[PDB]
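For reference, target_22.txt is printed below; it contains compact mmCIF, N, CA, C and O atoms.
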# COMPACT_ATOMS: atom_id res chain seq x y z
N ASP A 1 28.84 22.74 25.12
CA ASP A 1 30.13 22.11 24.74
C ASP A 1 29.90 20.66 24.33
O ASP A 1 30.66 20.11 23.56
N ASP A 2 28.87 20.07 24.86
CA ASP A 2 28.58 18.66 24.51
C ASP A 2 27.65 18.58 23.30
O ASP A 2 26.50 18.23 23.42
N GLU A 3 28.18 18.90 22.15
CA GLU A 3 27.35 18.84 20.92
C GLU A 3 27.38 17.44 20.31
O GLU A 3 26.88 17.23 19.23
N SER A 4 27.96 16.52 21.03
CA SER A 4 28.03 15.13 20.50
C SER A 4 26.81 14.33 20.95
O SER A 4 26.52 13.28 20.40
N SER A 5 26.12 14.84 21.92
CA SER A 5 24.92 14.13 22.43
C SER A 5 23.66 14.70 21.79
O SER A 5 22.60 14.12 21.87
N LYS A 6 23.81 15.83 21.17
CA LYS A 6 22.65 16.46 20.52
C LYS A 6 21.85 15.42 19.69
O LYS A 6 22.41 14.82 18.79
N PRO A 7 20.56 15.19 19.99
CA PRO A 7 19.79 14.21 19.22
C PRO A 7 19.77 14.58 17.75
O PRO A 7 19.77 15.75 17.40
N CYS A 8 19.75 13.58 16.91
CA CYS A 8 19.72 13.85 15.45
C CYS A 8 18.72 12.99 14.73
O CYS A 8 17.73 12.58 15.30
N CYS A 9 19.00 12.72 13.49
CA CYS A 9 18.05 11.87 12.71
C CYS A 9 18.65 11.34 11.42
O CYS A 9 19.68 11.78 10.98
N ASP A 10 17.98 10.39 10.84
CA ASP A 10 18.47 9.80 9.58
C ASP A 10 17.26 9.48 8.72
O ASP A 10 16.95 10.18 7.78
N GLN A 11 16.60 8.41 9.06
CA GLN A 11 15.40 8.00 8.30
C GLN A 11 14.18 8.48 9.07
O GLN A 11 13.79 7.88 10.05
N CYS A 12 13.62 9.56 8.62
CA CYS A 12 12.44 10.11 9.31
C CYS A 12 11.13 9.59 8.70
O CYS A 12 11.08 9.28 7.53
N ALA A 13 10.11 9.52 9.51
CA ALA A 13 8.80 9.03 9.00
C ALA A 13 7.66 9.46 9.92
O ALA A 13 7.84 9.51 11.13
N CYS A 14 6.51 9.76 9.34
CA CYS A 14 5.35 10.19 10.18
C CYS A 14 4.13 9.33 9.91
O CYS A 14 3.89 8.90 8.80
N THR A 15 3.37 9.11 10.95
CA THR A 15 2.14 8.29 10.82
C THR A 15 0.91 9.18 10.73
O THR A 15 0.85 10.23 11.35
N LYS A 16 -0.05 8.75 9.97
CA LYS A 16 -1.29 9.56 9.83
C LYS A 16 -2.04 9.66 11.16
O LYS A 16 -2.65 8.71 11.61
N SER A 17 -1.97 10.82 11.76
CA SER A 17 -2.67 11.01 13.06
C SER A 17 -3.08 12.48 13.23
O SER A 17 -3.01 13.26 12.30
N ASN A 18 -3.52 12.83 14.42
CA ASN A 18 -3.93 14.24 14.64
C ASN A 18 -3.74 14.67 16.12
O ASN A 18 -4.60 14.40 16.94
N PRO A 19 -2.63 15.35 16.46
CA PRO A 19 -1.55 15.71 15.51
C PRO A 19 -0.85 14.46 14.96
O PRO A 19 -1.00 13.39 15.50
N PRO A 20 -0.09 14.63 13.88
CA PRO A 20 0.62 13.50 13.28
C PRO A 20 1.68 12.95 14.22
O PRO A 20 2.18 13.67 15.07
N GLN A 21 2.01 11.70 14.06
CA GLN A 21 3.04 11.09 14.94
C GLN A 21 4.34 11.04 14.16
O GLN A 21 4.30 11.01 12.95
N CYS A 22 5.47 11.02 14.83
CA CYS A 22 6.71 10.97 14.02
C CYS A 22 7.90 10.35 14.71
O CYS A 22 8.42 10.86 15.68
N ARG A 23 8.30 9.25 14.15
CA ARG A 23 9.46 8.51 14.68
C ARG A 23 10.58 8.62 13.67
O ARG A 23 10.31 8.79 12.49
N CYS A 24 11.79 8.54 14.12
CA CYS A 24 12.90 8.65 13.15
C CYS A 24 14.06 7.76 13.54
O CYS A 24 14.01 7.09 14.55
N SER A 25 15.09 7.77 12.73
CA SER A 25 16.26 6.91 13.05
C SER A 25 15.74 5.53 13.38
O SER A 25 16.17 4.88 14.31
N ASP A 26 14.80 5.13 12.58
CA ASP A 26 14.17 3.81 12.75
C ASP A 26 15.15 2.73 13.18
O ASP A 26 15.14 2.30 14.32
N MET A 27 15.98 2.30 12.26
CA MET A 27 16.97 1.24 12.60
C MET A 27 18.38 1.78 12.82
O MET A 27 18.74 2.83 12.34
N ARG A 28 19.14 1.00 13.53
CA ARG A 28 20.55 1.37 13.84
C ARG A 28 21.41 0.11 13.82
O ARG A 28 21.08 -0.87 14.45
N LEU A 29 22.51 0.15 13.11
CA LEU A 29 23.38 -1.05 13.06
C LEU A 29 24.38 -1.06 14.21
O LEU A 29 25.52 -1.47 14.08
N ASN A 30 23.93 -0.61 15.32
CA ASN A 30 24.80 -0.57 16.52
C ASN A 30 23.97 -0.42 17.79
O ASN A 30 23.59 -1.39 18.41
N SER A 31 23.72 0.81 18.15
CA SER A 31 22.92 1.08 19.36
C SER A 31 22.34 2.49 19.32
O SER A 31 22.58 3.22 18.38
N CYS A 32 21.61 2.85 20.34
CA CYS A 32 21.02 4.21 20.37
C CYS A 32 21.85 5.16 21.22
O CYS A 32 23.01 4.92 21.46
N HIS A 33 21.22 6.22 21.65
CA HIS A 33 21.93 7.22 22.48
C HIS A 33 21.04 7.69 23.65
O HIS A 33 20.32 6.89 24.21
N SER A 34 21.10 8.96 23.99
CA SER A 34 20.26 9.46 25.11
C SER A 34 19.00 10.17 24.62
O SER A 34 18.59 11.18 25.17
N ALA A 35 18.39 9.64 23.58
CA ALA A 35 17.15 10.28 23.05
C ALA A 35 16.10 9.23 22.70
O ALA A 35 15.22 9.46 21.90
N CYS A 36 16.22 8.09 23.33
CA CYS A 36 15.26 7.01 23.08
C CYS A 36 15.02 6.25 24.37
O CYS A 36 15.82 5.43 24.78
N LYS A 37 13.94 6.56 24.99
CA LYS A 37 13.60 5.89 26.26
C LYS A 37 13.15 4.46 26.02
O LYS A 37 13.37 3.59 26.85
N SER A 38 12.55 4.26 24.90
CA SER A 38 12.06 2.91 24.55
C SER A 38 12.84 2.33 23.38
O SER A 38 12.31 2.12 22.32
N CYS A 39 14.10 2.10 23.59
CA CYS A 39 14.94 1.53 22.49
C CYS A 39 15.17 0.05 22.69
O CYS A 39 15.46 -0.41 23.77
N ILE A 40 15.04 -0.67 21.62
CA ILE A 40 15.25 -2.14 21.68
C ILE A 40 16.62 -2.46 21.11
O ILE A 40 17.03 -1.86 20.13
N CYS A 41 17.32 -3.39 21.71
CA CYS A 41 18.67 -3.72 21.16
C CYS A 41 19.06 -5.16 21.34
O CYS A 41 18.89 -5.76 22.38
N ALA A 42 19.59 -5.68 20.28
CA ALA A 42 20.04 -7.08 20.26
C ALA A 42 21.56 -7.11 20.36
O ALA A 42 22.25 -6.81 19.39
N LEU A 43 22.06 -7.45 21.52
CA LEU A 43 23.53 -7.50 21.68
C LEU A 43 24.13 -8.63 20.86
O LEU A 43 24.31 -9.73 21.34
N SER A 44 24.43 -8.32 19.63
CA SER A 44 25.02 -9.35 18.74
C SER A 44 26.06 -8.74 17.82
O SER A 44 26.50 -7.62 18.03
N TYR A 45 26.44 -9.47 16.82
CA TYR A 45 27.45 -8.96 15.86
C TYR A 45 27.18 -9.52 14.44
O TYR A 45 27.34 -10.70 14.23
N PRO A 46 26.79 -8.68 13.47
CA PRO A 46 26.57 -7.21 13.62
C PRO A 46 25.43 -6.89 14.59
O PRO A 46 24.37 -7.48 14.52
N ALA A 47 25.67 -5.96 15.47
CA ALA A 47 24.62 -5.57 16.45
C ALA A 47 23.35 -5.11 15.75
O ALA A 47 23.37 -4.77 14.58
N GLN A 48 22.27 -5.10 16.48
CA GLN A 48 20.98 -4.66 15.88
C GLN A 48 20.19 -3.83 16.88
O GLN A 48 20.14 -4.17 18.04
N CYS A 49 19.60 -2.75 16.44
CA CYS A 49 18.83 -1.93 17.41
C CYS A 49 17.70 -1.15 16.76
O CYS A 49 17.66 -0.97 15.56
N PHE A 50 16.80 -0.70 17.60
CA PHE A 50 15.64 0.07 17.09
C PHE A 50 15.19 1.12 18.11
O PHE A 50 15.45 1.01 19.29
N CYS A 51 14.51 2.12 17.62
CA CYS A 51 14.01 3.21 18.51
C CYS A 51 12.53 3.44 18.24
O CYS A 51 12.18 3.96 17.20
N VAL A 52 11.68 3.05 19.17
CA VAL A 52 10.23 3.27 18.92
C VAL A 52 9.77 4.59 19.50
O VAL A 52 8.63 4.98 19.31
N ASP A 53 10.64 5.27 20.20
CA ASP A 53 10.22 6.57 20.77
C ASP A 53 9.65 7.43 19.65
O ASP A 53 9.99 7.25 18.50
N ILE A 54 8.78 8.35 20.00
CA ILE A 54 8.19 9.22 18.93
C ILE A 54 8.12 10.68 19.35
O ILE A 54 7.99 11.00 20.52
N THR A 55 8.20 11.53 18.37
CA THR A 55 8.14 12.98 18.62
C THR A 55 7.12 13.61 17.68
O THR A 55 6.42 12.90 16.97
N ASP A 56 7.03 14.92 17.69
CA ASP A 56 6.05 15.61 16.79
C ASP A 56 6.73 16.59 15.85
O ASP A 56 6.12 17.54 15.40
N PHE A 57 7.98 16.35 15.55
CA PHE A 57 8.68 17.29 14.63
C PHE A 57 9.83 16.62 13.86
O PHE A 57 10.42 17.23 12.99
N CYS A 58 10.13 15.40 14.19
CA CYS A 58 11.23 14.71 13.48
C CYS A 58 12.52 15.52 13.56
O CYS A 58 12.69 16.51 12.87
N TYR A 59 13.40 15.08 14.40
CA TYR A 59 14.69 15.79 14.56
C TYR A 59 15.33 16.08 13.20
O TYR A 59 14.80 15.71 12.17
N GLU A 60 16.47 16.73 13.22
CA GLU A 60 17.15 17.05 11.93
C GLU A 60 18.21 15.98 11.58
O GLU A 60 18.77 15.35 12.45
N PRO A 61 18.49 15.82 10.28
CA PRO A 61 19.48 14.83 9.83
C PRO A 61 20.72 14.84 10.71
O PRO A 61 21.02 15.82 11.37
N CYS A 62 21.43 13.75 10.70
CA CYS A 62 22.66 13.66 11.53
C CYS A 62 23.90 14.02 10.75
O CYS A 62 23.86 14.78 9.81
N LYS A 63 24.98 13.47 11.20
CA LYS A 63 26.29 13.72 10.54
C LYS A 63 26.65 15.21 10.65
O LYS A 63 26.72 15.91 9.66
N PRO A 64 26.89 15.66 11.88
CA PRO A 64 27.24 17.06 12.14
C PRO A 64 28.47 17.50 11.35
O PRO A 64 28.78 16.94 10.32
N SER A 65 29.14 18.51 11.84
CA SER A 65 30.35 18.99 11.14
C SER A 65 29.95 19.64 9.82
O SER A 65 28.91 20.24 9.72
N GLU A 66 30.79 19.50 8.84
CA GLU A 66 30.46 20.11 7.53
C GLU A 66 29.17 19.50 6.99
O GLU A 66 28.38 18.95 7.73
N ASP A 67 28.97 19.60 5.70
CA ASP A 67 27.73 19.02 5.12
C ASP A 67 27.87 17.51 4.97
O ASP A 67 28.08 16.80 5.93
N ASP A 68 27.73 17.04 3.76
CA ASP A 68 27.85 15.57 3.53
C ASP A 68 29.16 15.04 4.11
O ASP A 68 29.88 15.75 4.78
N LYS A 69 29.45 13.80 3.82
CA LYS A 69 30.71 13.21 4.34
C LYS A 69 31.19 12.07 3.45
O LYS A 69 32.30 12.08 2.97
N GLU A 70 30.33 11.11 3.24
CA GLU A 70 30.72 9.96 2.38
C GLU A 70 30.53 10.30 0.90
O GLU A 70 31.48 10.58 0.20
N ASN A 71 29.30 10.28 0.45
CA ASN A 71 29.04 10.60 -0.97
C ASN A 71 29.61 11.96 -1.34
O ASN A 71 30.27 12.02 -2.36
Starting from the coordinates I provided, produce the structure as structure tokens.
Amino acid sequence: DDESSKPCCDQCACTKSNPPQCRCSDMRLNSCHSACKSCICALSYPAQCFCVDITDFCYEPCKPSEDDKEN
């Protein structure tokens, strides 16, 4: 029922490694969620944040619900 916490992604990227490394949702103009143990955040306005946590599959794009939304 809590599909709002489901981890997602936006800007995905992988580093040359073996296995390859992969961090995503690099920057955030607000804050993170419950999928970044090592998240950095600057309590300011406009707020600033980052997620250095890494995975091996790069989560899937965000913006649940239908498909696109803005464009």
Draw an axis-aligned box over all listed atoms of segment 11-24 of chain A, pad each side with 3 Å, and write its centre and edge lengths in Å, one decimal, as lines of an AutoDock Vina configuration file.
center_x = 6.0
center_y = 11.4
center_z = 12.2
size_x = 27.2
size_y = 14.6
size_z = 15.4
What is the distance, in Å and to one decimal place, between atom CA of residue 41 of chain A and atom CA of residue 20 of chain A?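 Computing the Euclidean distance for atom CA of residue 41 of chain A and atom CA of residue 20 of chain A yields 26.2 Å.
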List as an MDAnalysis selection string the protein and nucleic acid residues near segment 65-69 of chain A, meaning an atom at most 12 Å away when only C-alpha atoms are counted, but skip any in the same chain fewer than 3 places from it. chainID A and resid 3:4 61:62
Run DSSP on the backbone of this structure and report the residues of chain A it assigns to strand (DSSP E), as a PyMOL selection string. chain A and resi 12-15+21-24+27-28+39-42+48-51
What separation in Å, quoted to one decimal, exists between atom N of residue 71 of chain A and atom N of residue 54 of chain A? 28.4 Å
Nearest-residue call for residue 33 of chain A, choices A:63, A:21, A:58, A:7, using only N, CA, C and O atoms: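 Of A:63, A:21, A:58, A:7, the one nearest residue 33 of chain A is A:7, counting only N, CA, C and O atoms.
Of note, atom CA of residue 49 of chain A and atom N of residue 30 of chain A are spaced 5.7 Å apart.
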